[PDB]
Amino acid sequence: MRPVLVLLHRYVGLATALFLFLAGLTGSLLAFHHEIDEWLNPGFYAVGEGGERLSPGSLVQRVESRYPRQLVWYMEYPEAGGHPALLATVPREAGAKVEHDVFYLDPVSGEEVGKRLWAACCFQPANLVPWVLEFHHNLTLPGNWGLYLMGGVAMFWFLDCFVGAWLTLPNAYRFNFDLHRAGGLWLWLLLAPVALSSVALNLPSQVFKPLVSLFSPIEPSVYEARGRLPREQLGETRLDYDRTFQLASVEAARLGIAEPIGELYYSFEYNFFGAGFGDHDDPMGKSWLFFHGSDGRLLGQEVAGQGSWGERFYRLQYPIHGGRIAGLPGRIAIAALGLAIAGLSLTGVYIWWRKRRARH
Ligand code: HEM
Ligand code: HEM
Ligand SMILES: CCCCCCCCCCO[C@@H]1O[C@H](CO)[C@@H](O[C@H]2O[C@H](CO)[C@@H](O)[C@H](O)[C@H]2O)[C@H](O)[C@H]1O
Ligand SMILES: [Zn+2]
Ligand SMILES: [Zn+2]
């Protein structure tokens, strides 16, 4: 059964071609997606000249009341000798227009030191890195319409990878074919985990966690779990950010979560808070704890390095996709593969073109 898999590659690799192309090339750009912004957008990464930082709830209230038709749901809370606190917002009137959407505050004086609107188109200073980063996984399509597409392209790319891994395991046309061929089993093996983590990153609840669950049990998120609750049971929101940060340090004591609280999260839709420990430069050591909006009780824990095989195999996908599992080498590594993939998806559509040139 040799040519059956050969046909199965040509039909797959070509459907994938320009999606995988766009996706991977932009992904290379995103290899330094934090770094690019700091170069492009240095106001957002100010110095914060001060001593004692004011409480996460304090910084929230600044933003919620200077912008009375907006609400803070995610915020990055720094250690005050560093980057400006990041508070992210959403309309209060459901589908209202807002001029700005993410806020940078000095964490010692809540005074705004930069604003941004998320993903306006290519605008070099500020909406570039967000736009590339949301175009990359969704080709900026209407909503999940196409988040699904790019995740599907991911699914075929992975399936095509473990076909190619079996099929290959123990001129203009002359040169394009030779370049493309040159990957070997080595390159097919590199491709496989970028595709797999792609599946994880776009269709986590839908494909990847249900498929892994056959091999080890994946507890769903608190977010998965409360999306599935009957709405009357959700309760009414009584906590605030400060009350959460207390509760998470109380719980962090108990579980031995070493790291410090850096992110705080609240979701309207399901009435719960999130306190996430550790910085974005070591995403493998980040933990999360989620608390009920009314009780303050612990709804779920995602303590890094802990859980079931399937669960920590999930939390490795985002570190694997971004190279961070291998440090700056790996980031450089991934920045390379996305270029390779671009090359592949091109050279491979060409050897279709010039094969089709005989019919011309
Ligand atoms: C990295 C390892 C890869 C290897 C070893 C590889 C190998 C090949 C080979 C040897 C062909 C020969 C064409 C033929 O025999 O008929 C081919 C065709 C092709 N491959 Fe790849 N491939 C790789 C990755 C990719 C990727 C990532 C894509 C797209 C993203 C891709 C897209 C294509 C396409 C479109 C063709 C079309 C040729 C046709 O229609 O006949 N390949 N592949
Ligand atoms: C060419 C292959 C790909 C490469 C090299 C690549 C690379 C990357 C990189 C480096 C990141 C950033 C990780 C980090 O910030 O730490 C990223 C983000 C992401 N990737 Fe990919 N990627 C590729 C393909 C895909 C595919 C095919 C999909 C889905 C079909 C996908 C979905 C995503 C998602 C959802 C994110 C998260 C970005 C965000 O938060 O907005 N990737 N990609
Ligand atoms: C053309 C598109 C192709 C799509 C291919 C991927 C579809 C995968 C579905 C496989 O079937 C699943 O079996 C899982 C059970 O083993 C269930 O997971 C559920 O049950 C698990 C525990 O059994 C937990 O992971 C979760 O609570 C939960 O997601 C889940 O309901 C069900 O769908
Ligand atoms: Zn980042
Ligand atoms: Zn930084």
# chains A, B, ... in the order shown; residues from 1 in each chain; ligands from 1

$ closest_atom_pairs --of "chain A" --to "ligand 4" --cutoff "12 Å" --atoms "only C-alpha atoms and all ligand atoms" --output "Markdown table"
| residue | atom | partner | partner_atom_place_in_ligand_line | distance |
| --- | --- | --- | --- | --- |
| A:30 | CA | ligand 4 | 1 (Zn) | 8.8 |
| A:31 | CA | ligand 4 | 1 (Zn) | 9.1 |
| A:32 | CA | ligand 4 | 1 (Zn) | 8.2 |
| A:33 | CA | ligand 4 | 1 (Zn) | 6.3 |
| A:34 | CA | ligand 4 | 1 (Zn) | 5.1 |
| A:35 | CA | ligand 4 | 1 (Zn) | 8.6 |
| A:36 | CA | ligand 4 | 1 (Zn) | 10.5 |
| A:37 | CA | ligand 4 | 1 (Zn) | 10.2 |
| A:38 | CA | ligand 4 | 1 (Zn) | 11.4 |
| A:76 | CA | ligand 4 | 1 (Zn) | 11.8 |
| A:129 | CA | ligand 4 | 1 (Zn) | 10.7 |
| A:130 | CA | ligand 4 | 1 (Zn) | 10.8 |
| A:133 | CA | ligand 4 | 1 (Zn) | 10.2 |
| A:279 | CA | ligand 4 | 1 (Zn) | 9.4 |
| A:280 | CA | ligand 4 | 1 (Zn) | 5.7 |
| A:281 | CA | ligand 4 | 1 (Zn) | 7.4 |
| A:282 | CA | ligand 4 | 1 (Zn) | 9.9 |
| A:283 | CA | ligand 4 | 1 (Zn) | 8.8 |
| A:318 | CA | ligand 4 | 1 (Zn) | 10.5 |
| A:319 | CA | ligand 4 | 1 (Zn) | 10.4 |
| A:321 | CA | ligand 4 | 1 (Zn) | 11.7 |
| A:322 | CA | ligand 4 | 1 (Zn) | 8.7 |
| A:323 | CA | ligand 4 | 1 (Zn) | 11.4 |
| A:324 | CA | ligand 4 | 1 (Zn) | 9.9 |
| A:331 | CA | ligand 4 | 1 (Zn) | 11.4 |

$ select_by_dssp --residues "stretch 82-278 of chain A" --states "strand (DSSP E)" --output "count of residues only"
29

$ atom_distance --atom1 "atom 24 (C, counted along the ligand's line) of ligand 3" --atom2 "atom CA of residue A:290"
18.8 Å

$ closest_atom_pairs --of "chain A" --to "ligand 2" --cutoff "6 Å" --atoms "only C-alpha atoms and all ligand atoms" --output "JSON lines"
{"residue": "A:20", "atom": "CA", "partner": "ligand 2", "partner_atom_place_in_ligand_line": "27 (C)", "distance": 5.5}
{"residue": "A:23", "atom": "CA", "partner": "ligand 2", "partner_atom_place_in_ligand_line": "24 (C)", "distance": 5.0}
{"residue": "A:24", "atom": "CA", "partner": "ligand 2", "partner_atom_place_in_ligand_line": "1 (C)", "distance": 2.4}
{"residue": "A:27", "atom": "CA", "partner": "ligand 2", "partner_atom_place_in_ligand_line": "7 (C)", "distance": 3.6}
{"residue": "A:28", "atom": "CA", "partner": "ligand 2", "partner_atom_place_in_ligand_line": "5 (C)", "distance": 5.5}
{"residue": "A:30", "atom": "CA", "partner": "ligand 2", "partner_atom_place_in_ligand_line": "10 (C)", "distance": 5.1}
{"residue": "A:31", "atom": "CA", "partner": "ligand 2", "partner_atom_place_in_ligand_line": "10 (C)", "distance": 4.1}
{"residue": "A:133", "atom": "CA", "partner": "ligand 2", "partner_atom_place_in_ligand_line": "41 (O)", "distance": 4.8}
{"residue": "A:134", "atom": "CA", "partner": "ligand 2", "partner_atom_place_in_ligand_line": "41 (O)", "distance": 4.9}
{"residue": "A:137", "atom": "CA", "partner": "ligand 2", "partner_atom_place_in_ligand_line": "32 (C)", "distance": 4.2}
{"residue": "A:150", "atom": "CA", "partner": "ligand 2", "partner_atom_place_in_ligand_line": "30 (C)", "distance": 3.9}
{"residue": "A:151", "atom": "CA", "partner": "ligand 2", "partner_atom_place_in_ligand_line": "30 (C)", "distance": 4.1}
{"residue": "A:153", "atom": "CA", "partner": "ligand 2", "partner_atom_place_in_ligand_line": "30 (C)", "distance": 5.7}
{"residue": "A:154", "atom": "CA", "partner": "ligand 2", "partner_atom_place_in_ligand_line": "30 (C)", "distance": 4.3}
{"residue": "A:194", "atom": "CA", "partner": "ligand 2", "partner_atom_place_in_ligand_line": "2 (C)", "distance": 5.9}
{"residue": "A:195", "atom": "CA", "partner": "ligand 2", "partner_atom_place_in_ligand_line": "27 (C)", "distance": 5.9}
{"residue": "A:198", "atom": "CA", "partner": "ligand 2", "partner_atom_place_in_ligand_line": "28 (C)", "distance": 4.2}
{"residue": "A:201", "atom": "CA", "partner": "ligand 2", "partner_atom_place_in_ligand_line": "35 (C)", "distance": 4.7}
{"residue": "A:202", "atom": "CA", "partner": "ligand 2", "partner_atom_place_in_ligand_line": "35 (C)", "distance": 5.1}
{"residue": "A:321", "atom": "CA", "partner": "ligand 2", "partner_atom_place_in_ligand_line": "8 (C)", "distance": 5.7}
{"residue": "A:322", "atom": "CA", "partner": "ligand 2", "partner_atom_place_in_ligand_line": "13 (C)", "distance": 3.6}
{"residue": "A:334", "atom": "CA", "partner": "ligand 2", "partner_atom_place_in_ligand_line": "5 (C)", "distance": 5.4}
{"residue": "A:337", "atom": "CA", "partner": "ligand 2", "partner_atom_place_in_ligand_line": "5 (C)", "distance": 5.4}
{"residue": "A:338", "atom": "CA", "partner": "ligand 2", "partner_atom_place_in_ligand_line": "5 (C)", "distance": 3.4}
{"residue": "A:341", "atom": "CA", "partner": "ligand 2", "partner_atom_place_in_ligand_line": "1 (C)", "distance": 5.4}

$ write_last_selection --atoms "N, CA, C and O atoms" --output "JSON list (two decimals), in the first residue's frame"
[["chain", "number", "residue", "atom", "x", "y", "z"],
["A", 20, "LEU", "N", -1.27, 26.65, 5.45],
["A", 20, "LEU", "CA", -0.08, 26.32, 6.23],
["A", 20, "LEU", "C", 0.98, 27.36, 5.95],
["A", 20, "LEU", "O", 1.75, 27.73, 6.84],
["A", 23, "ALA", "N", 0.02, 30.65, 7.75],
["A", 23, "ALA", "CA", 0.05, 30.33, 9.18],
["A", 23, "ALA", "C", 1.50, 30.30, 9.65],
["A", 23, "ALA", "O", 1.88, 31.12, 10.48],
["A", 24, "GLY", "N", 2.34, 29.48, 9.01],
["A", 24, "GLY", "CA", 3.71, 29.30, 9.49],
["A", 24, "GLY", "C", 4.56, 30.54, 9.31],
["A", 24, "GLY", "O", 5.38, 30.88, 10.18],
["A", 27, "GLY", "N", 3.76, 32.83, 11.84],
["A", 27, "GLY", "CA", 4.23, 32.21, 13.09],
["A", 27, "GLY", "C", 5.70, 32.49, 13.34],
["A", 27, "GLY", "O", 6.11, 32.75, 14.48],
["A", 28, "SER", "N", 6.50, 32.46, 12.28],
["A", 28, "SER", "CA", 7.89, 32.90, 12.40],
["A", 28, "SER", "C", 7.91, 34.32, 12.94],
["A", 28, "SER", "O", 8.62, 34.57, 13.89],
["A", 30, "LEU", "N", 5.79, 35.87, 14.76],
["A", 30, "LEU", "CA", 5.35, 35.69, 16.16],
["A", 30, "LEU", "C", 6.40, 34.99, 17.02],
["A", 30, "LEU", "O", 6.17, 34.89, 18.23],
["A", 31, "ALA", "N", 7.49, 34.49, 16.45],
["A", 31, "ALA", "CA", 8.50, 33.80, 17.27],
["A", 31, "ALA", "C", 9.06, 34.73, 18.32],
["A", 31, "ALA", "O", 9.60, 34.24, 19.32],
["A", 133, "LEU", "N", -0.91, 38.14, 15.05],
["A", 133, "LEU", "CA", -1.06, 37.04, 16.01],
["A", 133, "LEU", "C", -2.49, 36.50, 16.02],
["A", 133, "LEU", "O", -2.68, 35.34, 16.39],
["A", 134, "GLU", "N", -3.48, 37.31, 15.66],
["A", 134, "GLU", "CA", -4.85, 36.80, 15.52],
["A", 134, "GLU", "C", -5.16, 36.42, 14.07],
["A", 134, "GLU", "O", -6.11, 35.64, 13.86],
["A", 137, "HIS", "N", -3.90, 32.47, 13.58],
["A", 137, "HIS", "CA", -4.65, 31.25, 14.00],
["A", 137, "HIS", "C", -6.04, 31.22, 13.38],
["A", 137, "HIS", "O", -6.67, 30.15, 13.25],
["A", 150, "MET", "N", -8.68, 26.88, 10.28],
["A", 150, "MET", "CA", -7.23, 26.85, 10.50],
["A", 150, "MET", "C", -6.86, 25.68, 11.41],
["A", 150, "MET", "O", -5.77, 25.10, 11.24],
["A", 151, "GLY", "N", -7.72, 25.39, 12.39],
["A", 151, "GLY", "CA", -7.56, 24.19, 13.20],
["A", 151, "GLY", "C", -7.75, 22.92, 12.39],
["A", 151, "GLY", "O", -7.07, 21.92, 12.65],
["A", 153, "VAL", "N", -7.14, 22.65, 9.03],
["A", 153, "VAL", "CA", -5.87, 22.61, 8.29],
["A", 153, "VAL", "C", -4.82, 22.01, 9.20],
["A", 153, "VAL", "O", -3.99, 21.19, 8.73],
["A", 154, "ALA", "N", -4.83, 22.39, 10.48],
["A", 154, "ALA", "CA", -3.91, 21.79, 11.46],
["A", 154, "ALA", "C", -4.13, 20.29, 11.51],
["A", 154, "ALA", "O", -3.15, 19.54, 11.58],
["A", 194, "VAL", "N", 4.48, 20.64, 15.59],
["A", 194, "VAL", "CA", 3.88, 21.97, 15.33],
["A", 194, "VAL", "C", 2.44, 21.79, 14.86],
["A", 194, "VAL", "O", 1.53, 22.47, 15.34],
["A", 195, "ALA", "N", 2.20, 20.84, 13.97],
["A", 195, "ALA", "CA", 0.82, 20.56, 13.57],
["A", 195, "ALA", "C", 0.00, 20.13, 14.78],
["A", 195, "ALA", "O", -1.13, 20.62, 14.96],
["A", 198, "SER", "N", -0.82, 22.83, 16.97],
["A", 198, "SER", "CA", -1.81, 23.65, 16.26],
["A", 198, "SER", "C", -3.20, 23.11, 16.56],
["A", 198, "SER", "O", -4.12, 23.86, 16.91],
["A", 201, "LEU", "N", -4.16, 24.17, 19.99],
["A", 201, "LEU", "CA", -4.31, 25.60, 20.26],
["A", 201, "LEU", "C", -5.61, 26.14, 19.68],
["A", 201, "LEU", "O", -6.12, 27.09, 20.25],
["A", 202, "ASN", "N", -6.14, 25.58, 18.58],
["A", 202, "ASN", "CA", -7.40, 26.12, 18.01],
["A", 202, "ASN", "C", -8.65, 25.32, 18.40],
["A", 202, "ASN", "O", -9.71, 25.92, 18.63],
["A", 321, "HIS", "N", 4.60, 24.67, 20.90],
["A", 321, "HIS", "CA", 4.31, 25.46, 19.70],
["A", 321, "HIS", "C", 5.23, 26.66, 19.57],
["A", 321, "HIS", "O", 5.66, 26.95, 18.47],
["A", 322, "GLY", "N", 5.49, 27.34, 20.67],
["A", 322, "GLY", "CA", 6.27, 28.57, 20.77],
["A", 322, "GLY", "C", 7.76, 28.38, 20.96],
["A", 322, "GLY", "O", 8.47, 29.36, 21.23],
["A", 334, "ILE", "N", 11.78, 27.32, 16.37],
["A", 334, "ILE", "CA", 10.43, 27.41, 15.77],
["A", 334, "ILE", "C", 10.42, 28.49, 14.70],
["A", 334, "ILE", "O", 9.83, 28.28, 13.63],
["A", 337, "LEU", "N", 11.31, 26.74, 11.59],
["A", 337, "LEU", "CA", 10.37, 25.75, 11.01],
["A", 337, "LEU", "C", 9.24, 26.44, 10.27],
["A", 337, "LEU", "O", 8.87, 26.00, 9.18],
["A", 338, "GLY", "N", 8.68, 27.50, 10.85],
["A", 338, "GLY", "CA", 7.65, 28.29, 10.17],
["A", 338, "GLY", "C", 8.09, 28.82, 8.81],
["A", 338, "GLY", "O", 7.22, 28.95, 7.91],
["A", 341, "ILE", "N", 8.25, 25.68, 6.58],
["A", 341, "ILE", "CA", 6.87, 25.33, 6.22],
["A", 341, "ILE", "C", 6.41, 26.21, 5.08],
["A", 341, "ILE", "O", 5.95, 25.70, 4.05]]

$ residues_near_ligand --ligand "ligand 3" --cutoff "7 Å" --atoms "only C-alpha atoms and all ligand atoms" --output "PyMOL selection string"
chain A and resi 205-211+213-214+217-220

$ write_last_selection --atoms "N, CA and C atoms" --output "PDB file, in the first residue's frame"
ATOM      1  N   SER A 205     -11.046  21.959  23.096  1.00  0.00           N
ATOM      2  CA  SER A 205     -12.237  21.331  23.675  1.00  0.00           C
ATOM      3  C   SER A 205     -12.864  20.380  22.677  1.00  0.00           C
ATOM      4  N   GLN A 206     -12.660  20.662  21.414  1.00  0.00           N
ATOM      5  CA  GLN A 206     -13.447  20.098  20.329  1.00  0.00           C
ATOM      6  C   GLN A 206     -12.820  18.803  19.820  1.00  0.00           C
ATOM      7  N   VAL A 207     -11.508  18.782  19.605  1.00  0.00           N
ATOM      8  CA  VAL A 207     -10.791  17.653  18.980  1.00  0.00           C
ATOM      9  C   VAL A 207      -9.737  17.089  19.922  1.00  0.00           C
ATOM     10  N   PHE A 208      -8.792  17.935  20.339  1.00  0.00           N
ATOM     11  CA  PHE A 208      -7.543  17.496  20.988  1.00  0.00           C
ATOM     12  C   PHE A 208      -7.803  16.932  22.382  1.00  0.00           C
ATOM     13  N   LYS A 209      -8.569  17.620  23.223  1.00  0.00           N
ATOM     14  CA  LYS A 209      -8.746  17.074  24.580  1.00  0.00           C
ATOM     15  C   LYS A 209      -9.596  15.809  24.550  1.00  0.00           C
ATOM     16  N   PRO A 210     -10.718  15.772  23.807  1.00  0.00           N
ATOM     17  CA  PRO A 210     -11.428  14.501  23.610  1.00  0.00           C
ATOM     18  C   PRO A 210     -10.614  13.369  22.997  1.00  0.00           C
ATOM     19  N   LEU A 211      -9.703  13.656  22.068  1.00  0.00           N
ATOM     20  CA  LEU A 211      -8.862  12.580  21.523  1.00  0.00           C
ATOM     21  C   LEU A 211      -7.828  12.132  22.536  1.00  0.00           C
ATOM     22  N   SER A 213      -8.162  12.151  25.720  1.00  0.00           N
ATOM     23  CA  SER A 213      -8.894  11.478  26.804  1.00  0.00           C
ATOM     24  C   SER A 213      -9.003   9.964  26.574  1.00  0.00           C
ATOM     25  N   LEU A 214      -8.824   9.481  25.341  1.00  0.00           N
ATOM     26  CA  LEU A 214      -8.850   8.027  25.115  1.00  0.00           C
ATOM     27  C   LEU A 214      -7.584   7.411  25.698  1.00  0.00           C
ATOM     28  N   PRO A 217      -6.974  10.618  31.185  1.00  0.00           N
ATOM     29  CA  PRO A 217      -8.197  11.376  31.414  1.00  0.00           C
ATOM     30  C   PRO A 217      -7.869  12.851  31.468  1.00  0.00           C
ATOM     31  N   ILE A 218      -8.547  13.650  30.664  1.00  0.00           N
ATOM     32  CA  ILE A 218      -8.359  15.098  30.781  1.00  0.00           C
ATOM     33  C   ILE A 218      -9.577  15.695  31.444  1.00  0.00           C
ATOM     34  N   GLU A 219      -9.395  16.134  32.684  1.00  0.00           N
ATOM     35  CA  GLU A 219     -10.394  16.989  33.328  1.00  0.00           C
ATOM     36  C   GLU A 219     -10.576  18.209  32.435  1.00  0.00           C
ATOM     37  N   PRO A 220     -11.808  18.627  32.193  1.00  0.00           N
ATOM     38  CA  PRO A 220     -12.040  19.801  31.366  1.00  0.00           C
ATOM     39  C   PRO A 220     -11.615  21.025  32.164  1.00  0.00           C
TER      40      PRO A 220
END
